[PDB]
Amino acid sequence: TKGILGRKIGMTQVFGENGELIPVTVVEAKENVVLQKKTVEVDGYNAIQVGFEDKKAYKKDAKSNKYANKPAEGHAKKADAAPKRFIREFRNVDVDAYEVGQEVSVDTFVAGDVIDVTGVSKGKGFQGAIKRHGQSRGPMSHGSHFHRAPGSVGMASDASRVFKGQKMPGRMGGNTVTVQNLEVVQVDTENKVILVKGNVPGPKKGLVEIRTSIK
Amino acid sequence: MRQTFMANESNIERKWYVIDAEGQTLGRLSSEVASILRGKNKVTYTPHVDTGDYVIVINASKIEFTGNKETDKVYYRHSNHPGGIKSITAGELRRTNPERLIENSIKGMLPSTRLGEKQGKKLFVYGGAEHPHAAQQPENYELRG
Amino acid sequence: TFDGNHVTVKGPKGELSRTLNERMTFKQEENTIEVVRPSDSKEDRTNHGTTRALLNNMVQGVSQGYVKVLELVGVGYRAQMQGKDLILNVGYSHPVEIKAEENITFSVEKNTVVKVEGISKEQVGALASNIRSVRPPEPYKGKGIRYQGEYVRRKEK
Amino acid sequence: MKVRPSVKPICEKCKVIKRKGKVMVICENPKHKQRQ
RNA sequence: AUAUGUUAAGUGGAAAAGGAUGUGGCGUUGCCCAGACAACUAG
RNA sequence: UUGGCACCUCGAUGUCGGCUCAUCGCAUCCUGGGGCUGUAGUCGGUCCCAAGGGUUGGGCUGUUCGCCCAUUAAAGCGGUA
RNA sequence: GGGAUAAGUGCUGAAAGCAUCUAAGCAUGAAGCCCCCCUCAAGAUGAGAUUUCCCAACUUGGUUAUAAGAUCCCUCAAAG
Ligand SMILES: [Mg+2]
Ligand SMILES: [Mg+2]
Ligand SMILES: [Mg+2]
Ligand SMILES: [Mg+2]
Ligand SMILES: [Mg+2]
Ligand SMILES: [Mg+2]
Ligand SMILES: [Mg+2]
Ligand SMILES: [Mg+2]
Ligand SMILES: [Mg+2]
Ligand SMILES: [Mg+2]
Ligand SMILES: [Mg+2]
Ligand SMILES: [Mg+2]
Ligand SMILES: [Mg+2]
Ligand SMILES: [Mg+2]
Ligand SMILES: [Mg+2]
Ligand SMILES: [Mg+2]
Ligand SMILES: [Mg+2]
Ligand SMILES: [Mg+2]
Ligand SMILES: [Mg+2]
Ligand SMILES: [Mg+2]
Ligand SMILES: [Mg+2]
Ligand SMILES: [Mg+2]
Ligand SMILES: [Mg+2]
Ligand SMILES: [Mg+2]
Ligand SMILES: [Mg+2]
Ligand SMILES: [Mg+2]
Ligand SMILES: [Mn+2]
Ligand SMILES: [Mn+2]
Ligand SMILES: [Mn+2]
Ligand SMILES: [Mn+2]
Ligand SMILES: [Mn+2]
Ligand SMILES: [Mn+2]
Ligand SMILES: [Mn+2]
Ligand SMILES: [Mn+2]
Ligand SMILES: [Mn+2]
Ligand SMILES: [Mn+2]
Ligand SMILES: [Mn+2]
Ligand SMILES: [Mn+2]
Ligand SMILES: [Mn+2]
Ligand SMILES: [Mn+2]
Ligand SMILES: [Mn+2]
Ligand SMILES: [Mn+2]
Ligand SMILES: [Mn+2]
Ligand SMILES: [Mn+2]
Ligand SMILES: [Mn+2]
Ligand SMILES: [Mn+2]
Ligand SMILES: [Mn+2]
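Conventions adopted
Residues numbered from 1 in each chain as written, not as in the entry; some residues may be left out. Chains lettered and ligands numbered in written order. Part of a larger assembly, values for the part shown. Heavy atoms only, no water. Residues with missing side-chain atoms left out of burial classes, pairs and counts. Helix = DSSP H or I, 4+ residues; strand = E, 2+ residues; numbered from the N terminus. Contact = heavy atoms within 4.5 Å. Pairing = 2+ DSSP bridges. Right-handed = clockwise from strand over helix to strand, strands pointing away. Polar contact = N/O pair within 3.5 Å; in protein donor to acceptor, adjacent residues only side chain to side chain. Disulfide = S-S within 2.5 Å. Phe/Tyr/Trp six-rings, centres within 6.5 Å; stacked < 30°, edge-to-face > 60°. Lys NZ or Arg CZ within 6 Å of the ring centre and 35° of its normal. Axes fitted to C-alpha atoms, helices over the stretch in contact; angles between N-to-C directions.

- In the PDB archive, X-ray crystallography is given as the structure determination method for this entry, at a resolution of 3.55 Å.

Here it is as structure tokens:
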């Protein structure tokens, strides 16, 4: 069990020993530091809180999130770290190896390791039924005045509401998605890059959390 | 409108009591406690206000059943989603979270009216034998009849 | 031999081992006792008769235990181990793990002849019900794990 | 077990008994069992 | 609440022909210490 | 289902079949677990448990049905105006 | 993978000297039941927890600006 945070840089090919052509997503994990140890003792459960990418300066008196605020300052300073821009827990770690101040580094993931990867899923807008649930369209032609409408939405006078399940248009792109069982392909310790077999759900520059596969 | 005492919030005091479920039938402990909770027990009872005392029921785990119903009496629940009824739980409730078995069971014998609602919020059921609420200094109370 | 402990009529036999519940609420008699037929009052007579029966079945096997014998009437036959009979039985394409140390359960090895070797007839009847459970007596060429002395009806291909 | 509303012994080896709250035949013949 | 019994199915808190060593009452009877039911030994 | 009755609606409760979207029952078509078998094996018949999921594309007909061609593990039956 | 179960298969067992899976008590057993798997979720008013941040002047409970902290407004997009 292990995990690291990382920014999705994008996709490329790479070549197997057999000439096998393996699509790859390039994840990048510069500068993750453990920030807090969550024990059953105080926090009630077990977790390692890792702080991803580095961010600026001090309670510097200005507009952006780019600059850390006093609460962050104190949280990072309890960990002797510069303030970080993404922070996540991993429960299901080894919770004892891991002392608070330390870096995690890419080298923890070894090539051929199979993993699960979390991350929020790109982002379509308010979307129609045919795009959002795949539903077949009505006929064009043959006099139809039906194309992209979600169908009948219910019964007659018996189910006299619309059932709570019903699926219809709206926002598409949120929702965290994790995808199961992907090989680590290489790990490039020089740039902190790590190659992942297949595609991980981001947009681009999306934060993704790689962790050791479950099942 | 000759005479008839009505208890004000000025004119009312709320006592705390602890009940040992251990050794009792579910329904009988339930009804006795519900009357305790509604104040239906003081001579100064008055309907439009919460006249009741606090009840902490203890060792909820040891509550018992009469019939062959540890297995035969199911609780249902529906999620307001289609076909999302949930048959689950029998005297399995008494196994995990019996605090709710006693809680909901007692609470089903109070009126469904905001007063009755506040009244239900005066109960405290612990499967173990050790309430947090020692500071309220509850008096131990024996089940009548 | 004639040694058994008592308290709240839930008392271990002094030889080897025991521990058991009683249904309580019943007339009881020392040593062998009797009256499986009737006691106490009402149709609880059945229950008490099961009590006398259980304790009697208990004392009967503590000095001389009863052991079921199982014969493997097929071309395959189980080997042995210090905690298992190693049932490579019939021809299912793998050996199965088996057995437990609970109370006392001995192994056996005699080229297709095995035995539970417990104390009380309930534990023996159980571990052997399951030792015989792994394959069944298919009534043609009669093949399969078989309790010794069992009727095993057959039929025509 | 043949599963029927009616339950009577099948043959003069058969015996009737309750077993789950259900009356059942026990004829010893494999194709003569019953349980209402 | 009281006194005496019943019911173990939640019967109570839906249903029939038909089916069952489910239990309770009330009777009438044939074999029983000359040994019977059942079990076990002998055709 | 075909009906009987005429209790709601005649100052209006749109109607067959398809299309879109489904939802539920179990008297289960497939799949999972078993009993009996006139069950050797491979298949099957029949009953029992089980409703999680699944349950096809065409020719003819407005068709629902139905026959047929070709596939499928299977090409389930009913409720929801 | 684990737990409990159905039909079923049984073990021990009297009522009913036998016999019987059952009434006491045990063991086994399904794509189904629960946990496991994925997302949501403290308006869970039962409103939870952890870490860090800020910290007074006036007062006949309060009053007013401020701090931590944001937002308006402005350049934007991976968001809409
Ligand atoms: Mg468009
Ligand atoms: Mg109980
Ligand atoms: Mg609890
Ligand atoms: Mg209401
Ligand atoms: Mg039937
Ligand atoms: Mg059973
Ligand atoms: Mg009812
Ligand atoms: Mg009639
Ligand atoms: Mg009847
Ligand atoms: Mg009678
Ligand atoms: Mg009678
Ligand atoms: Mg007479
Ligand atoms: Mg729709
Ligand atoms: Mg049928
Ligand atoms: Mg189904
Ligand atoms: Mg579904
Ligand atoms: Mg077709
Ligand atoms: Mg064909
Ligand atoms: Mg098949
Ligand atoms: Mg059809
Ligand atoms: Mg349908
Ligand atoms: Mg168990
Ligand atoms: Mg809120
Ligand atoms: Mg509050
Ligand atoms: Mg909150
Ligand atoms: Mg503008
Ligand atoms: Mn289409
Ligand atoms: Mn139009
Ligand atoms: Mn058009
Ligand atoms: Mn309409
Ligand atoms: Mn009485
Ligand atoms: Mn009923
Ligand atoms: Mn009748
Ligand atoms: Mn009609
Ligand atoms: Mn009319
Ligand atoms: Mn008329
Ligand atoms: Mn009108
Ligand atoms: Mn109208
Ligand atoms: Mn069925
Ligand atoms: Mn089958
Ligand atoms: Mn279906
Ligand atoms: Mn199990
Ligand atoms: Mn016996
Ligand atoms: Mn909070
Ligand atoms: Mn003051
Ligand atoms: Mn500020
Ligand atoms: Mn860009």
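1. Describing the overall build of chain A
- Helix and strand content of chain A: three helices and 11 strands.
- Put simply, chain A runs from its N terminus to its C terminus through helices and strands in the order β-β-β-α-β-α-β-β-β-α-β-β-β-β.
- Principal-axis analysis of the C-alpha atoms places the extent of chain A at approximately 70 × 50 × 35 Å.
- Within chain A, contacts between residues at least 6 apart in sequence are counted, and of these 68% link residues at least 24 apart.

2. Some details on the pairing of strand β1 (residues 16–20) of chain B
All names here are of chain B.
- Of the pairings in the sheet, the one linking β1 to strand β2 (residues 54–58) comprises five bridges and is parallel in character. Paired with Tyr17 across the strands is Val55, a residue of β2.
- Taken together, β1, helix α1 (residues 26–38) and β2 constitute a β-α-β crossover, and its handedness is right-handed.
- Where β1 meets strand β4 (residues 139–140), two bridges bridge the pair, whose relative direction is parallel. Within β4, the position partnered with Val18 by the bridge is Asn140.

3. Re the sheet that holds strand β2 (residues 23–26) of chain D
Residues and elements named next belong to chain D.
- Spatial strand order, β1-β2-β3: three strands in an open sheet with antiparallel pairing. Where the open sheet ends on each side, the last strands, each with one partner, are β1 (15–18) and β3 (34–35).
- Here β2 runs beside β3; their pairing, made up of two bridges, is antiparallel. By the bridge assignment for β3, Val25 is matched with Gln34.

4. As for the side chain of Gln119(B)
Residue and element names in this part refer to chain B.
- Inspection of the secondary structure puts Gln119 in helix α4 (residues 114–120).
- A polar atom in the side chain of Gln119 sits 3.5 Å from the backbone oxygen of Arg38.
- With sequence-adjacent residues up to four places away left out, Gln119 is seen in contact with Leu37, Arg38, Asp50, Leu110 and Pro111.

5. Observations concerning the state of the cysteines
Residue and element names in this part refer to chain D.
- Across the disulfide, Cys11 is cross-linked to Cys27 (sulfur-sulfur distance 2.0 Å). Its S-S torsion of approximately -100° makes the covalent link between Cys11 and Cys27 left-handed. One end of the pair, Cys11, is in the segment before β1; the other, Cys27, is in the loop between β2 and β3, with 16 residues separating them in the sequence.

6. With respect to the packing of aromatic side chains
- Considering the side-chain rings of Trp16(B) and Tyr54(B), the 4.2 Å spacing of their centres and the 20° angle between planes classify their relative orientation as stacked. Remark: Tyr54(B) occurs in strand β2 and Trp16(B) occurs in strand β1; sequence separation between them is 38 residues.
- Plain terms: the ring middles of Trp16(B) and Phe124(B) are 5.5 Å apart, the flat faces sit at 10° to each other, and that makes the pair stacked. Taken together, the residues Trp16(B) in strand β1 and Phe124(B) in strand β3 (residues 123–126) connect sequence positions 108 residues apart.
- Taken together, the ring pairs in this structure connect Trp16(B), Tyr54(B) and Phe124(B) into an aromatic cluster.
- Above the plane of the ring of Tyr67(A) lies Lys60(A), whose end atom (NZ or CZ) is 4.4 Å from the centre.

7. Some remarks on the sheet that holds strand β1 (residues 69–72) of chain C
Residues and elements named next belong to chain C.
- Pairing within the open sheet is antiparallel, and its three strands lie in the order β2-β1-β3. Across the chains shown, the open sheet's two edge strands, defined by having one partner strand only, are β2 (113–115) and β3 (145–147). Ignoring strand direction, the axes of neighbouring strands in this sheet form an average angle of 30°.
- Taken together, the three bridges between β1 and β3 define a ladder with antiparallel strand orientation. Residue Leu72 lies in a different strand from β3, and its bridge partner there is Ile145.

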